[PDB]
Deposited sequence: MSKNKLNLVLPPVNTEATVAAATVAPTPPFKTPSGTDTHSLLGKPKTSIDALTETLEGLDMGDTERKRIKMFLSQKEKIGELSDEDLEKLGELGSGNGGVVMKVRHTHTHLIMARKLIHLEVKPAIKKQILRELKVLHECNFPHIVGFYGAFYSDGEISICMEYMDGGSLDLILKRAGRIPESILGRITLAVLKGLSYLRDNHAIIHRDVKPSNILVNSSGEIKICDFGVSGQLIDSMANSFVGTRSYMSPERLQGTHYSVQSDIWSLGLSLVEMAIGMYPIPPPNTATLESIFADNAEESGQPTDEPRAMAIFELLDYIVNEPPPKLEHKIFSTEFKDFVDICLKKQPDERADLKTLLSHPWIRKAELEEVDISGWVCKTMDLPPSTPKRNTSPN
């Protein structure tokens, strides 16, 4: 099916900026479609084992998930291609604009909650990678999701890793506990605070990795009491951000939260905002 022979080379946002991706326009019927450069050094014995775990990535056609076109190998790198979105990601928009108002935040929360609920209910796949860097926005006004951990063997065989000055892990995760669905809620709440204020909130408004990983575990979780917001937003973030996993609500009981219902019953112009922020 898919092969690297028929994929061309097009323009890109940057060269080496963070990770490396490259837009591709298919020669046949002009399929505009992006590519992901994933580089590994693995013996061929487990190569097939990794290869067999990307079919579940294509067997999911929910509206709030980026499409999957195929996967192939070419000269020491695994190539995985997904539908190209002309909007970008929440990181870039956050850096340019500065913050995001309440209504857009509510719509994004609704979209990600629906996507996570679908994934967990249908295939029992835990995202484990939830951050503003994994939410793709289109131009019409849609919201999608990508880069969710499906193949655990790829983690066990990853060539390298990166840490960075921003971490979105959970206090139970840093103490060696297993991965559960309740870990995603903490990261989602932290992301919500990040897009609400404009910066990483863990250092209250630098210093080594350990002094962050131990500040997260011991110090009280951040709160948005220092500015005038909607009360329901504050209670939603409060429920999302709690140290003990048992006090953190499952996704099926924040979908009935008053804030989410208010967001659902309303209607706000996402298309105008996304068009204005980007270059038309």
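Undergrad: So which bits of the deposited sequence did not make it into the model?
TA: Residues missing from the model, as numbered along the full deposited sequence, span 1-80, 286-309, 385-396.
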